[PDB]
Amino acid sequence: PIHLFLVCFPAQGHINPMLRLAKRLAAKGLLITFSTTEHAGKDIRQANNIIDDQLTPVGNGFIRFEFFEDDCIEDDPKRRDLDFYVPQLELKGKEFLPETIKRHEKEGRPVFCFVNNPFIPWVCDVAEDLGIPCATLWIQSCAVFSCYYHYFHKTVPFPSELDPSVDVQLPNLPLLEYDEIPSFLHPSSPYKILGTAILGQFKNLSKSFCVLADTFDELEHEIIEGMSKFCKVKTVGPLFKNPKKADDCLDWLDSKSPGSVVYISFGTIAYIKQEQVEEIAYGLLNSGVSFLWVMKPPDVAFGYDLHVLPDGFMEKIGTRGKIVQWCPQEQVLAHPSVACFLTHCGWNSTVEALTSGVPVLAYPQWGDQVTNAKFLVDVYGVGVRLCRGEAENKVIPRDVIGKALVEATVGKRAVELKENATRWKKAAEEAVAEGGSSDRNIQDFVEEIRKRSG
Ligand SMILES: O=c1ccn([C@@H]2O[C@H](COP(=O)(O)OP(=O)(O)O)[C@@H](O)[C@H]2O)c(=O)[nH]1
(Lines give C-alpha, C1' and ligand atoms only; values in the text may rest on other atoms or scores of the structure.)
Protein backbone atom coordinates (compact mmCIF):
# COMPACT_ATOMS: atom_id res chain seq x y z
CA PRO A 1 0.00 0.00 0.00
CA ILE A 2 3.00 2.29 0.48
CA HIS A 3 3.58 4.45 -2.61
CA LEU A 4 7.01 5.92 -3.38
CA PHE A 5 7.65 8.58 -6.04
CA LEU A 6 11.10 8.26 -7.62
CA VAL A 7 12.35 11.18 -9.74
CA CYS A 8 15.41 10.80 -11.93
CA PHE A 9 17.66 12.96 -14.08
CA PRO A 10 17.23 12.21 -17.81
CA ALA A 11 20.49 10.35 -18.45
CA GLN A 12 21.25 6.70 -19.11
CA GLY A 13 23.83 6.56 -16.32
CA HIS A 14 21.21 7.97 -13.94
CA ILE A 15 18.11 6.11 -15.15
CA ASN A 16 19.47 2.56 -14.94
CA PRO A 17 20.66 2.66 -11.29
CA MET A 18 17.46 4.38 -10.13
CA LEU A 19 15.55 1.65 -12.00
CA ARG A 20 17.43 -0.90 -9.90
CA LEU A 21 16.37 0.98 -6.77
CA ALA A 22 12.78 0.82 -8.03
CA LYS A 23 13.01 -2.96 -8.50
CA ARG A 24 14.56 -3.51 -5.06
CA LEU A 25 11.96 -1.26 -3.41
CA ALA A 26 8.95 -2.67 -5.27
CA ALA A 27 9.91 -6.24 -4.37
CA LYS A 28 9.12 -5.43 -0.71
CA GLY A 29 5.41 -4.91 -1.43
CA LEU A 30 5.61 -1.25 -2.47
CA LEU A 31 4.09 0.80 -5.28
CA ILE A 32 6.96 2.59 -7.04
CA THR A 33 6.40 5.42 -9.52
CA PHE A 34 9.43 6.11 -11.72
CA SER A 35 9.50 9.67 -13.07
CA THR A 36 11.67 11.46 -15.62
CA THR A 37 11.24 13.65 -18.68
CA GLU A 38 9.37 12.39 -21.74
CA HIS A 39 12.42 12.44 -24.03
CA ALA A 40 14.18 10.03 -21.66
CA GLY A 41 11.08 8.12 -20.58
CA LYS A 42 10.20 7.11 -24.14
CA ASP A 43 13.41 5.06 -24.16
CA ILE A 44 12.03 3.08 -21.22
CA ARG A 45 8.67 2.68 -22.97
CA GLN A 46 10.01 0.95 -26.08
CA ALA A 47 12.62 -0.96 -24.06
CA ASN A 48 9.83 -2.74 -22.18
CA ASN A 49 6.12 -3.07 -23.01
CA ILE A 50 4.65 -0.05 -21.21
CA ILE A 51 3.03 2.78 -23.17
CA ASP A 52 1.01 4.34 -20.35
CA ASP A 53 0.90 4.06 -16.55
CA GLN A 54 -0.08 0.39 -16.45
CA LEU A 55 1.11 -1.33 -13.28
CA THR A 56 4.05 -3.62 -14.01
CA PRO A 57 4.33 -6.24 -11.24
CA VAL A 58 7.76 -6.59 -9.62
CA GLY A 59 7.67 -9.28 -6.94
CA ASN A 60 5.34 -8.35 -4.09
CA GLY A 61 4.86 -4.86 -5.55
CA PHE A 62 4.42 -2.87 -8.75
CA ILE A 63 6.23 -0.29 -10.87
CA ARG A 64 4.48 2.40 -12.92
CA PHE A 65 5.91 5.23 -15.02
CA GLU A 66 5.02 8.92 -15.21
CA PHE A 67 6.81 11.37 -17.52
CA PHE A 68 6.64 15.16 -17.67
CA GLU A 69 7.58 17.41 -20.57
CA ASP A 70 10.52 19.82 -20.52
CA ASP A 71 9.27 22.18 -23.29
CA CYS A 72 12.22 21.18 -25.52
CA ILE A 73 11.87 19.79 -29.03
CA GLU A 74 12.33 16.06 -29.61
CA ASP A 75 16.09 16.11 -30.22
CA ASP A 76 16.87 19.53 -28.75
CA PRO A 77 20.60 20.37 -28.62
CA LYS A 78 19.74 22.64 -25.68
CA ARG A 79 19.65 19.59 -23.39
CA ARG A 80 23.40 19.05 -23.87
CA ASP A 81 24.20 22.25 -21.94
CA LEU A 82 23.69 21.80 -18.20
CA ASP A 83 23.82 25.53 -17.46
CA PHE A 84 20.45 25.76 -19.21
CA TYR A 85 18.92 22.31 -18.72
CA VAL A 86 19.47 22.02 -14.95
CA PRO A 87 17.37 25.15 -14.24
CA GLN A 88 15.01 24.20 -17.08
CA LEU A 89 14.32 20.87 -15.36
CA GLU A 90 13.74 22.72 -12.09
CA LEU A 91 11.28 25.00 -13.89
CA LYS A 92 9.33 22.15 -15.50
CA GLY A 93 9.73 19.82 -12.50
CA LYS A 94 8.50 22.24 -9.86
CA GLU A 95 5.24 22.70 -11.80
CA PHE A 96 4.65 18.97 -12.42
CA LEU A 97 5.34 17.43 -9.00
CA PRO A 98 2.69 19.21 -6.86
CA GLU A 99 -0.13 18.60 -9.34
CA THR A 100 0.52 14.85 -9.43
CA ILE A 101 0.85 14.50 -5.66
CA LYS A 102 -2.55 16.10 -5.07
CA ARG A 103 -4.13 13.84 -7.70
CA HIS A 104 -2.53 10.69 -6.27
CA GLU A 105 -3.98 11.59 -2.88
CA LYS A 106 -7.32 12.09 -4.64
CA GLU A 107 -7.16 8.62 -6.23
CA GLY A 108 -6.46 6.90 -2.89
CA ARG A 109 -2.76 6.13 -3.50
CA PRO A 110 -0.89 9.02 -1.84
CA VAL A 111 2.88 9.35 -1.96
CA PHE A 112 4.74 8.40 1.23
CA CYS A 113 8.30 9.40 0.30
CA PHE A 114 10.37 11.02 -2.44
CA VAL A 115 13.59 9.63 -3.90
CA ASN A 116 15.54 11.96 -6.18
CA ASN A 117 18.90 12.49 -7.89
CA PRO A 118 21.70 14.92 -6.95
CA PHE A 119 21.31 16.55 -10.39
CA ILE A 120 17.70 17.50 -9.55
CA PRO A 121 17.83 18.76 -5.92
CA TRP A 122 14.61 20.75 -6.44
CA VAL A 123 12.72 17.54 -5.59
CA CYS A 124 13.87 17.97 -1.99
CA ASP A 125 12.59 21.55 -2.15
CA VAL A 126 9.20 20.31 -3.40
CA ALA A 127 9.09 17.47 -0.86
CA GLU A 128 9.44 20.00 1.96
CA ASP A 129 6.57 22.05 0.52
CA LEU A 130 4.10 19.15 0.45
CA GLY A 131 5.28 17.78 3.80
CA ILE A 132 6.50 14.50 2.25
CA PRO A 133 9.88 13.05 3.31
CA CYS A 134 12.63 12.87 0.70
CA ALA A 135 15.74 10.75 0.16
CA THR A 136 18.58 11.08 -2.36
CA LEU A 137 20.05 8.28 -4.46
CA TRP A 138 23.85 8.46 -4.81
CA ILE A 139 25.42 6.21 -7.46
CA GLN A 140 29.01 6.91 -6.44
CA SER A 141 31.13 5.56 -3.61
CA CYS A 142 30.63 6.97 -0.13
CA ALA A 143 34.32 7.86 -0.28
CA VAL A 144 33.48 10.14 -3.20
CA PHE A 145 30.40 11.41 -1.36
CA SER A 146 32.78 12.38 1.45
CA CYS A 147 34.98 14.18 -1.09
CA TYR A 148 32.16 16.38 -2.40
CA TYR A 149 30.73 17.02 1.07
CA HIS A 150 34.02 18.21 2.56
CA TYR A 151 34.76 20.27 -0.55
CA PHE A 152 31.41 22.07 -0.27
CA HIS A 153 31.85 22.67 3.47
CA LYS A 154 35.57 23.55 3.22
CA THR A 155 36.49 21.11 6.00
CA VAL A 156 40.07 20.89 4.69
CA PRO A 157 42.01 22.85 2.05
CA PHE A 158 41.36 21.53 -1.46
CA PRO A 159 43.25 22.09 -4.74
CA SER A 160 42.77 25.77 -5.58
CA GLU A 161 44.00 28.00 -8.40
CA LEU A 162 46.91 29.17 -6.24
CA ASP A 163 47.59 25.77 -4.60
CA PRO A 164 46.65 23.15 -7.22
CA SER A 165 49.00 20.36 -6.04
CA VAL A 166 48.02 20.14 -2.36
CA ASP A 167 47.03 16.78 -0.91
CA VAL A 168 43.60 16.17 0.62
CA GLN A 169 43.33 14.20 3.87
CA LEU A 170 39.73 13.33 4.73
CA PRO A 171 38.60 11.23 7.72
CA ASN A 172 38.58 7.45 7.19
CA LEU A 173 40.13 7.88 3.74
CA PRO A 174 43.65 7.33 2.40
CA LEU A 175 45.78 10.33 1.53
CA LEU A 176 44.59 11.64 -1.83
CA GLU A 177 46.86 13.60 -4.14
CA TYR A 178 45.55 16.55 -6.15
CA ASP A 179 44.66 14.35 -9.14
CA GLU A 180 43.09 11.61 -6.99
CA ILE A 181 40.10 13.61 -5.72
CA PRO A 182 37.10 13.72 -8.14
CA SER A 183 38.53 15.43 -11.20
CA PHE A 184 35.51 17.73 -11.60
CA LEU A 185 36.63 19.44 -8.37
CA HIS A 186 40.05 20.40 -9.68
CA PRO A 187 40.42 24.07 -10.69
CA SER A 188 42.15 23.08 -13.95
CA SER A 189 39.44 20.59 -14.95
CA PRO A 190 37.49 21.15 -18.18
CA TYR A 191 34.29 19.75 -16.62
CA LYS A 192 33.77 22.11 -13.69
CA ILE A 193 30.09 22.43 -14.64
CA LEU A 194 29.58 18.75 -13.80
CA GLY A 195 31.07 19.39 -10.37
CA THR A 196 28.80 22.39 -9.85
CA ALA A 197 25.84 20.19 -10.83
CA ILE A 198 26.68 17.62 -8.16
CA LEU A 199 27.45 20.28 -5.54
CA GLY A 200 23.94 21.72 -5.91
CA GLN A 201 22.58 18.81 -3.86
CA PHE A 202 24.78 19.82 -0.91
CA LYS A 203 23.10 23.21 -0.63
CA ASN A 204 19.90 21.19 -0.12
CA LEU A 205 21.06 18.06 1.72
CA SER A 206 19.20 18.90 4.94
CA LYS A 207 15.84 18.30 3.22
CA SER A 208 16.70 14.61 2.70
CA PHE A 209 16.58 12.51 5.86
CA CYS A 210 18.93 9.92 4.35
CA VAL A 211 21.07 9.25 1.29
CA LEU A 212 20.96 5.86 -0.43
CA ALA A 213 24.35 4.77 -1.80
CA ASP A 214 25.11 2.02 -4.32
CA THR A 215 27.68 0.25 -2.17
CA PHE A 216 27.84 -2.17 0.75
CA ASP A 217 29.09 -1.89 4.32
CA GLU A 218 32.07 -4.25 4.06
CA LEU A 219 33.57 -2.14 1.26
CA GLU A 220 33.52 1.30 2.95
CA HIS A 221 32.72 0.55 6.60
CA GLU A 222 35.05 3.20 8.03
CA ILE A 223 33.74 5.83 5.59
CA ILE A 224 30.02 5.24 6.19
CA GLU A 225 30.44 5.59 9.95
CA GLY A 226 32.55 8.73 9.54
CA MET A 227 29.84 10.49 7.54
CA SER A 228 27.13 9.62 10.09
CA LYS A 229 27.19 12.92 12.00
CA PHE A 230 27.19 14.80 8.68
CA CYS A 231 24.61 12.72 6.78
CA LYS A 232 22.70 9.47 7.34
CA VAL A 233 24.03 7.28 4.50
CA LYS A 234 22.36 3.91 3.86
CA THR A 235 24.13 1.28 1.76
CA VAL A 236 21.77 -0.56 -0.59
CA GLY A 237 24.24 -1.89 -3.14
CA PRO A 238 25.36 -3.57 -5.27
CA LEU A 239 22.03 -2.65 -6.86
CA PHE A 240 22.79 -4.47 -10.13
CA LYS A 241 23.26 -7.83 -8.39
CA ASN A 242 19.91 -9.57 -8.04
CA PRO A 243 19.29 -10.87 -4.50
CA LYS A 244 17.84 -14.25 -5.51
CA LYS A 245 20.40 -11.14 -21.35
CA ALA A 246 22.59 -13.23 -23.66
CA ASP A 247 24.55 -12.22 -26.77
CA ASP A 248 27.37 -13.37 -29.02
CA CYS A 249 29.77 -12.26 -26.27
CA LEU A 250 28.87 -15.14 -23.96
CA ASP A 251 28.77 -17.59 -26.88
CA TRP A 252 32.34 -16.57 -27.74
CA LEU A 253 33.54 -16.73 -24.12
CA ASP A 254 32.17 -20.28 -23.80
CA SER A 255 34.92 -21.42 -26.18
CA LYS A 256 37.80 -19.94 -24.15
CA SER A 257 39.71 -21.40 -21.22
CA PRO A 258 38.76 -20.20 -17.72
CA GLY A 259 40.55 -17.06 -16.57
CA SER A 260 42.18 -16.33 -19.93
CA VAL A 261 40.15 -13.51 -21.54
CA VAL A 262 40.89 -9.83 -20.90
CA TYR A 263 37.74 -7.68 -20.87
CA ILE A 264 38.23 -4.10 -22.09
CA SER A 265 35.62 -1.39 -21.59
CA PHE A 266 35.79 2.36 -20.99
CA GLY A 267 32.13 3.03 -20.21
CA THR A 268 29.52 4.97 -22.11
CA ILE A 269 31.13 8.44 -22.19
CA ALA A 270 34.92 8.22 -21.96
CA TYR A 271 36.74 8.25 -25.32
CA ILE A 272 40.49 7.67 -25.10
CA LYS A 273 43.09 8.95 -27.55
CA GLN A 274 43.77 7.22 -30.86
CA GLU A 275 47.46 6.85 -30.00
CA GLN A 276 46.46 5.08 -26.78
CA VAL A 277 44.23 2.71 -28.77
CA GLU A 278 47.27 1.88 -30.90
CA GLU A 279 49.37 1.12 -27.82
CA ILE A 280 46.63 -1.02 -26.28
CA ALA A 281 46.22 -3.01 -29.50
CA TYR A 282 49.95 -3.72 -29.75
CA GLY A 283 49.88 -4.57 -26.05
CA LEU A 284 47.26 -7.25 -26.58
CA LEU A 285 48.92 -8.41 -29.81
CA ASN A 286 52.43 -8.95 -28.45
CA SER A 287 51.34 -10.30 -25.05
CA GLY A 288 49.49 -13.15 -26.78
CA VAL A 289 46.46 -12.84 -24.49
CA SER A 290 42.82 -13.39 -25.40
CA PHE A 291 40.61 -10.32 -25.12
CA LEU A 292 37.06 -9.01 -25.53
CA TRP A 293 37.30 -5.33 -26.48
CA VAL A 294 34.24 -3.07 -26.32
CA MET A 295 34.81 -0.21 -28.78
CA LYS A 296 31.69 1.87 -28.17
CA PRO A 297 31.02 4.49 -30.88
CA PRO A 298 30.93 7.99 -29.38
CA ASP A 299 27.84 10.14 -29.46
CA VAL A 300 27.83 12.21 -32.64
CA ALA A 301 27.60 15.52 -30.73
CA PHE A 302 31.37 15.53 -30.19
CA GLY A 303 33.62 15.83 -33.21
CA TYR A 304 35.46 12.68 -32.18
CA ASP A 305 37.43 10.82 -34.83
CA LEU A 306 36.46 7.15 -34.79
CA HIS A 307 39.07 4.88 -33.21
CA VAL A 308 41.10 3.00 -35.82
CA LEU A 309 42.90 -0.26 -35.11
CA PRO A 310 46.43 -0.81 -36.46
CA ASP A 311 46.93 -2.21 -39.94
CA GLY A 312 46.33 -5.95 -39.84
CA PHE A 313 45.82 -6.04 -36.08
CA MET A 314 42.54 -7.95 -36.25
CA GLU A 315 44.18 -10.23 -38.84
CA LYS A 316 47.26 -11.11 -36.78
CA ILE A 317 44.81 -11.53 -33.90
CA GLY A 318 43.05 -14.78 -34.65
CA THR A 319 40.02 -16.28 -32.98
CA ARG A 320 41.50 -15.10 -29.66
CA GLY A 321 40.21 -11.52 -29.96
CA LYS A 322 36.69 -10.14 -30.32
CA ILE A 323 35.71 -6.54 -31.11
CA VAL A 324 32.16 -5.47 -30.22
CA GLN A 325 30.24 -2.25 -29.63
CA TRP A 326 28.21 -3.53 -26.65
CA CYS A 327 28.08 -6.57 -24.36
CA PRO A 328 26.08 -7.51 -21.26
CA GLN A 329 28.86 -6.42 -18.92
CA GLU A 330 27.24 -8.01 -15.86
CA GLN A 331 27.09 -11.38 -17.63
CA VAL A 332 30.57 -11.02 -19.17
CA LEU A 333 32.14 -10.10 -15.82
CA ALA A 334 30.51 -13.19 -14.29
CA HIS A 335 31.85 -15.50 -17.02
CA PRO A 336 34.59 -17.89 -15.82
CA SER A 337 36.66 -17.25 -18.96
CA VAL A 338 37.42 -13.66 -17.89
CA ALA A 339 40.86 -13.13 -16.34
CA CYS A 340 41.01 -9.36 -15.77
CA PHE A 341 39.11 -6.19 -16.69
CA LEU A 342 40.71 -3.15 -18.33
CA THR A 343 38.29 -0.47 -17.14
CA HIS A 344 38.00 3.30 -16.93
CA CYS A 345 37.05 2.78 -13.24
CA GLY A 346 33.51 4.08 -13.51
CA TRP A 347 31.69 3.38 -10.27
CA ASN A 348 29.23 1.01 -11.94
CA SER A 349 32.08 -0.96 -13.52
CA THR A 350 33.96 -0.76 -10.21
CA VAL A 351 31.07 -2.25 -8.22
CA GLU A 352 30.31 -4.79 -10.96
CA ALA A 353 33.94 -5.94 -11.03
CA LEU A 354 34.17 -6.32 -7.24
CA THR A 355 30.85 -8.17 -7.08
CA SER A 356 32.02 -10.47 -9.89
CA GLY A 357 35.48 -11.14 -8.43
CA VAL A 358 37.46 -9.87 -11.44
CA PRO A 359 40.79 -8.06 -10.89
CA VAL A 360 41.04 -4.85 -12.88
CA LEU A 361 43.54 -2.75 -14.82
CA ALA A 362 42.87 0.83 -13.74
CA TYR A 363 42.75 3.32 -16.63
CA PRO A 364 40.79 6.27 -15.20
CA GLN A 365 40.21 9.53 -17.03
CA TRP A 366 37.96 12.06 -15.28
CA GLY A 367 35.33 12.45 -12.58
CA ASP A 368 35.22 9.89 -9.79
CA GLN A 369 37.20 7.47 -11.97
CA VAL A 370 40.47 8.78 -10.54
CA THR A 371 39.13 8.27 -7.01
CA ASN A 372 37.81 4.79 -7.82
CA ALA A 373 41.12 3.79 -9.40
CA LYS A 374 42.92 4.83 -6.21
CA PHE A 375 40.79 2.55 -4.01
CA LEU A 376 40.96 -0.30 -6.53
CA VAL A 377 44.78 -0.29 -6.57
CA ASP A 378 45.74 0.98 -3.10
CA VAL A 379 42.75 0.15 -0.85
CA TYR A 380 40.73 -2.78 -2.20
CA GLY A 381 43.90 -4.48 -3.48
CA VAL A 382 42.33 -5.81 -6.68
CA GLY A 383 43.74 -3.55 -9.41
CA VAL A 384 46.87 -2.74 -11.40
CA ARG A 385 47.33 0.96 -12.14
CA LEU A 386 47.85 1.91 -15.80
CA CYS A 387 47.45 5.71 -15.76
CA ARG A 388 46.42 8.57 -13.49
CA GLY A 389 43.67 10.09 -15.64
CA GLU A 390 43.07 12.53 -18.46
CA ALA A 391 44.91 15.35 -16.67
CA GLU A 392 48.10 13.27 -16.81
CA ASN A 393 47.99 13.68 -20.62
CA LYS A 394 50.25 10.66 -21.13
CA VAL A 395 49.96 7.84 -23.65
CA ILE A 396 50.83 4.54 -21.95
CA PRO A 397 53.25 2.72 -24.29
CA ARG A 398 52.78 -0.83 -25.53
CA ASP A 399 55.51 -2.38 -23.35
CA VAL A 400 54.03 -0.97 -20.13
CA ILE A 401 50.59 -2.19 -21.21
CA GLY A 402 52.16 -5.54 -22.04
CA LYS A 403 53.79 -5.89 -18.62
CA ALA A 404 50.50 -5.09 -16.89
CA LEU A 405 48.50 -7.59 -18.95
CA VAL A 406 50.94 -10.34 -17.96
CA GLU A 407 51.05 -9.08 -14.36
CA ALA A 408 47.28 -9.59 -14.07
CA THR A 409 47.17 -13.00 -15.81
CA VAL A 410 50.21 -15.11 -14.88
CA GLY A 411 52.59 -14.92 -11.94
CA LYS A 412 52.33 -14.60 -8.19
CA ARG A 413 50.65 -11.18 -8.21
CA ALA A 414 47.81 -12.48 -10.39
CA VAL A 415 46.90 -15.09 -7.76
CA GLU A 416 46.91 -12.44 -5.03
CA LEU A 417 44.67 -10.06 -6.98
CA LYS A 418 42.27 -12.91 -7.79
CA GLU A 419 42.16 -14.01 -4.14
CA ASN A 420 41.36 -10.47 -2.98
CA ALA A 421 38.72 -10.13 -5.70
CA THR A 422 37.16 -13.45 -4.64
CA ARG A 423 36.90 -12.24 -1.04
CA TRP A 424 35.17 -9.04 -2.20
CA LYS A 425 32.76 -11.18 -4.22
CA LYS A 426 31.63 -13.04 -1.09
CA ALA A 427 31.12 -9.74 0.74
CA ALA A 428 29.10 -8.15 -2.08
CA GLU A 429 26.86 -11.18 -2.58
CA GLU A 430 26.25 -11.52 1.17
CA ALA A 431 25.19 -7.87 1.42
CA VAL A 432 22.31 -8.15 -1.07
CA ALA A 433 21.25 -11.61 0.09
CA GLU A 434 18.32 -12.14 2.45
CA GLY A 435 19.45 -10.54 5.70
CA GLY A 436 22.62 -8.95 4.35
CA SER A 437 23.88 -5.52 5.33
CA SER A 438 22.42 -3.83 2.24
CA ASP A 439 19.12 -5.75 2.19
CA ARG A 440 18.56 -4.94 5.87
CA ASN A 441 19.23 -1.27 5.12
CA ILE A 442 16.53 -1.40 2.43
CA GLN A 443 14.18 -2.86 5.04
CA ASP A 444 15.16 -0.07 7.45
CA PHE A 445 14.44 2.48 4.71
CA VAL A 446 10.87 1.25 4.14
CA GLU A 447 10.47 1.23 7.93
CA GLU A 448 11.36 4.90 8.39
CA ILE A 449 8.98 5.81 5.57
CA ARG A 450 6.21 3.98 7.43
CA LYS A 451 7.29 5.63 10.69
CA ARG A 452 7.27 9.15 9.23
CA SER A 453 3.69 8.98 7.90
CA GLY A 454 2.16 8.87 11.39
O1 LIG B 1 29.55 -2.66 -23.36
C2 LIG B 1 29.15 -2.20 -22.28
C3 LIG B 1 29.67 -1.03 -21.62
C4 LIG B 1 29.14 -0.63 -20.45
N5 LIG B 1 28.10 -1.31 -19.85
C6 LIG B 1 27.53 -0.86 -18.57
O7 LIG B 1 27.55 0.56 -18.54
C8 LIG B 1 27.79 1.02 -17.20
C9 LIG B 1 28.98 1.95 -17.20
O10 LIG B 1 28.85 2.85 -16.08
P11 LIG B 1 30.12 3.33 -15.27
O12 LIG B 1 29.63 4.07 -14.09
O13 LIG B 1 31.08 2.17 -15.02
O14 LIG B 1 30.87 4.32 -16.26
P15 LIG B 1 30.14 5.50 -17.02
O16 LIG B 1 29.90 4.91 -18.42
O17 LIG B 1 28.89 5.92 -16.33
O18 LIG B 1 31.22 6.59 -17.08
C19 LIG B 1 27.94 -0.23 -16.32
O20 LIG B 1 26.74 -0.54 -15.63
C21 LIG B 1 28.32 -1.31 -17.34
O22 LIG B 1 27.87 -2.59 -16.92
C23 LIG B 1 27.55 -2.44 -20.41
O24 LIG B 1 26.63 -3.06 -19.90
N25 LIG B 1 28.11 -2.82 -21.61
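Residue count for the stretch 427-438 satisfying the condition of being touching an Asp or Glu at 6+ places or on another chain (Cβ under 7 Å), surrounded by 16 or more Cβ atoms within 10 Å (Cβ to Cβ) and among the aliphatic types (A, V, I, L, M): 3. Go through the stretch 269-299 and report how many residues are away from the ligand (no atom under 16 Å from the Cβ) and part of a loop (DSSP other than H, G, I, E, B). The total comes to 3.
When we screen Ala414, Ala404 for residues that are outside the structural domain of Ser188 (by CATH) and surrounded by 21 or more Cβ atoms within 10 Å (Cβ to Cβ), the only hit is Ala404.
List the strands (runs of 3 or more DSSP E) inside the stretch 312-409, counting only whole elements, that have at least 3 residues being within 16 Å of the ligand (Cβ to nearest atom). Steps first, please.
Working: elements: 321-324, 338-343, 360-362, 383-385.
In the stretch 312-409, the matching strands (runs of 3 or more DSSP E) lie at 321-324, 338-343, 360-362.
For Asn441, the conditions (1) crowded, with 19+ Cβ neighbours inside 10 Å; (2) farther than 30 Å from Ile2 by Cα all hold with the exception of (2).
Don't worry about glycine lacking a Cβ; one is built from the backbone with ideal geometry, like all the others, and counts go over all protein chains shown. All of this is worked out from the model, or read from it or from the source named; none is laboratory data.
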